[PDB]
């Protein structure tokens, strides 16, 4: 027979995986809406999915935040049902043969910095900023970048008093070593500035095709991240951003300078890229590389 979670959610193909497990394609039969079901094995060891849902619900209403359909349990699984979105930026990147033009990077950067700014206004740091955790909407929302996966996210200040978490060393879960900030590598607690730094890397990855510390291929020993850490701290911003508009190097440097508790000047950051956008004479249409690909 057919497999249906909840009652209304027809389970489907395994379309991917996230932090708390796998992401399956599903269908709300009682509504005919294709949705995304994420299910974590009831008792793994650290049942973090009931936590992620909480965050999504705190962010509910924000621009570019996926809507949650249902949260609950079904046997050996606790399922979260959320809005199915378009391809991730990684998919689109590969789709474009791993080549984003400056305009698209600038067009994207503007929205990515806004999603990041929003999570922070709600007292949280994302902690795992990568091209996979951003998706494009569908249909009418086709030009809006969405931010997903609040698995490694953390509250960085009291939601009432707004008192920032203290400066100490990390005793938590880390994200992708490839887009990690230098502090993450130094073993320091992550905060607002670190989310923006990784973005600097995501942006440079989109411009470069791949990062310099990417694919070092180390030995069988436990830490390959030691090489990444090194390659990363040894590669100066001026060399990394070589051959590109200074706004990118100026972006990374600024983020590196910020103190653990400084509130970032987001507008300044949006300002750098917009000025460059207007300079190169770009129209602010939401026509991206992947839209032009249909004509060659």
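Residue numbers count along the first chain shown, from 1.
*Asks:* Between 180-188 and 167-175, name whichever shows the higher mean Cα B factor according to the PDB entry.
*Replies:* Per the PDB entry, the higher value belongs to 167-175.
*Asks:* If you average the CA temperature factors over each stretch, which comes out higher, 84-92 or 113-121?
*Replies:* Comparing averages over the C-alpha atoms only gives 84-92.
*Asks:* Name the one of 264, 47, 245, 66 with the greatest CA B-factor according to the PDB entry.
*Replies:* Of 264, 47, 245, 66, 47 has the highest C-alpha B-factor.
*Asks:* Quick one: which of 73, 106, 129, 136 has the biggest Cα B-factor according to the entry?
*Replies:* In this record, 73 carries the highest C-alpha B-factor of the candidates.
*Asks:* Looking at the C-alpha B-factor of residue 9, is it in the lowest, middle or highest third of its chain?
*Replies:* Its C-alpha B-factor, which the entry lists for residue 9, ranks in the highest third among residues of this chain.
*Asks:* When the deposited Cα B-factors of this chain's modelled residues are ordered and cut into thirds, is residue 154 in the lowest, the middle or the highest one?
*Replies:* Lowest third of the chain for residue 154's C-alpha B-factor.
*Asks:* Residue 227's Cα B-factor: lowest, middle or highest third of the chain?
*Replies:* It falls in the top third of the chain.
*Asks:* Would the CA B-factor of residue 59 place it in the lowest, middle or highest third of its chain?
*Replies:* It belongs to the middle third of the chain when residues are ordered by C-alpha B-factor.
*Asks:* By the recorded C-alpha temperature factor, relative to the other modelled residues in its chain, which third is residue 212 in?
*Replies:* For residue 212, the deposited C-alpha B-factor lands in the middle third.
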